[PDB]
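There is one chain below, alone, in C-alpha cells, taken in the form deposited in one PDB entry.
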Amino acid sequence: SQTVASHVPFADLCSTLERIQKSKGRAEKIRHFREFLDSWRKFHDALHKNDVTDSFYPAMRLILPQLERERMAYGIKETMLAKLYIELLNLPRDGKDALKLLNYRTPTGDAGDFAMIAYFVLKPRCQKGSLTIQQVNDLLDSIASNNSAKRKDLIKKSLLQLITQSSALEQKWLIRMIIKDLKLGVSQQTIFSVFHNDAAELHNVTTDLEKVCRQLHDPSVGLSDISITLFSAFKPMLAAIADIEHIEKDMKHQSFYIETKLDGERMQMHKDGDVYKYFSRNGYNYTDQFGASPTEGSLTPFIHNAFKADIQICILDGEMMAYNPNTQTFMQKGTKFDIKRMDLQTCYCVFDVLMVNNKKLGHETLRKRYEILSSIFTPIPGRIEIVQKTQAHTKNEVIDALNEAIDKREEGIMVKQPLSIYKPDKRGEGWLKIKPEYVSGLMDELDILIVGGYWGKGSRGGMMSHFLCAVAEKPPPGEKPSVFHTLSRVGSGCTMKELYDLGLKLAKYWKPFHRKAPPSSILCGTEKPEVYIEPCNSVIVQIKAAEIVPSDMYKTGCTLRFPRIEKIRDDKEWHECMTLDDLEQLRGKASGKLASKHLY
C-alpha cells in the first residue's frame, strides 16, 4: 500500500546530490549515487515483503528532471521563480536581495547561477526541512497542475508550502529541479548504467522514466528483446555530419540512398485502427493537433484512407511539413506558421516505418523498411507522402545532389546505408547529413559589428557571453558610418579564452543601455541589449548563418538563422562593417539563403 518515497526525507536526497556535485571524479560521483540507490532498494525489499507499483521513480524523476514527462511544465524559469520568491518571502522590492534575484546574471563568485544566488538570499532568512520525497513530488505536481489550470494564486500557495518546510540547502536543489538543471557533473547515461545495464536502452524505446524504474527494479533481472512498442514514444534515429571526401567509405563502398533533407519538424505516428498518436522529437504528445481519430485533427482525417486495407497497426517516422495548395510547394519551417498548431495544409512526409501489424521492423535493413513502406499506403500529395530514396554509388553523385539542393534553395541532403538497421537515439550509424554550411567556402558570411552585450549564465556566468550585432548606413566617400541598424544576436563560435579576451578588451567601453534614452548611433528594433558600446570602440565579427529570414525584432527587418561567430576580425576596423546595401544584396541574391555557390 505504502511507498518507499513516503519514508525517505527529501534532505537525504539533497545530501546525496550535494556529495555527487562536490565530488571531483566520476568514480566518486558514481559511488555516492550507488550508496543512495542501494540503500533505497534494501529499504524497498523490507517495506513490501510480498504486486506493488512502487519503484525508484519518485527519486529518479528529481535526479533526471529533464526526462520528466508525466508532469506538465511548471511555467516557471529563473525570472518567474525570482518574482515568486520576492513576493512569497516579502522582500523589499527595490532591496539588494530582490534585485540580485531578478538580475542574477549581473555580477555584484556566483553570477549566472540562480540557485546558488537564491541560496545565499535564503540562508539567513530560513528551519531544516521535513518533507519526504513523495511530499515534494506532490507539491511539484500541484505547481504543474495549477499552472495548467491557470491559477497563479494556487501556484503561490503550493510553492509557499515548499519554501516554509524546506531548508535553504534543500530549496537550492528544489530550484534546480524546477529549472530542470542539476549540474551534477555526471551524465544521464552514467546514472542509467548504475541503475541497470538495460536502463539506457529501455529509455530510448520508451521515453518513460517510470516504466524504466518499474520494469528494471531488479539490477540482476534483464529484459531480453527491448524494442519499439506501439503507442510508446521512442527516441528517433539521428544523422551524423558526413565527410564528403569519404562518403563512399562511410557507406561501406556499397550502393547507398540519397534523399532530400526536409525543413519541417520530426514526428512519429502510431496507428491502431481508428486510434492514432503522434510524438515529437523529444517525446511530447501532439495528438490534439494532428488527430486521435479519422474525424479530428489537422492530418489524421486526410490520411486515414491512404493506408492499405490490411494495415491495422503501423508505426511511422517522418517529417511534418506545411504544404501550400496553391503553389503545390512546401513552406519551409519557420516564419508565419507552426505545423503543430495551425489556407495551408499539414503534410506528413514519411521516410521510415518501425512496425506493421504483428511485425517489428527496427532490425530490418533500411532497404527492406523502404520496400515495406512503399506498399503499406498510397501517397496523397500534400497530405502524406513517401520521401524518395534515390540510389547512388559515387562521391560525384552526392556532390551533384548537394548542388541540386543548393540550386533548389533546399536545406541539404541525407545519405543513408541501405543495409543499416533503425538505431534509436543514435547519431550516424548509417544515417549521414550534408548541408552547404558544412563545406568550407560555400557560405556567404557577414562582417558585422558588435553593438550590444548581455551577461552570461551557467558556465559562462560573470562575462559578456553573447552580443547584439548591427550593420552600418553607407557614408559619403572618405567618411565613416555613424548610424547602425541591429541585425541579430549571436553567442556561439568563440572559445572561452576568445570570449574572455574579447571581454577584457571591451570591458572599459560598455555603457548601460537606457530604453528611454537610447544612443543615437545604434537603432534597435524590439530587441534591446543590456549594455551598448559606441561603434568606434567595438569589434567586427565574421558571422556564418544559414539564411536571412524575416524578423519583427531587429531594425533591419530581418535576422540570421543559426548564427555563429566564425572569426573575431581583429584585422578589420569598426568602420569596415558591412552596410545595409550589402545586406540587401545578400538577402535577394538567393531568396535569403546564404548558400548559393556550388561545391567543386
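Don't overthink the numbering: it's just position in the shown sequence, from 1. Definition used throughout: the rigid core is the maximal C-alpha set that superposes within 1.5 Å between two forms.
The same protein also has a form deposited in another entry, omitted here; what follows describes it.
Novice: Which listed residue, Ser482, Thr229, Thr190, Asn197, is the one whose CA shifts 2 angstroms or more between this form and the one not shown with the rigid core aligned?
Specialist: The residue that shifts is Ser482.
Novice: Determine, after fitting the two forms on their core, whether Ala507 shows a C-alpha shift of 2 Å or more between this form and the one not shown.
Specialist: Yes.
Novice: Once you overlay the rigid core, does the Cα of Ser15 travel 2 Å or further between this form and the one not shown?
Specialist: No, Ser15 moves less than 2 Å.
Novice: Checking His575 here: with the core superposed, does its CA move 2 Å or more between this form and the one not shown?
Specialist: Comparing the forms between this form and the one not shown, which are aligned on their rigid core, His575 does shift its C-alpha by 2 Å or more.
Novice: Are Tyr454 and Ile178 closer or farther apart at the Cα level in the other entry than shown, by 3 Å or more?
Specialist: Farther, not closer.
Novice: Having a change of 3 Å or more in the C-alpha distance between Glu566 and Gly412, I'd like to know whether it is closer or farther in the other entry than in the form here.
Specialist: Closer in the other entry, by 3 Å or more.
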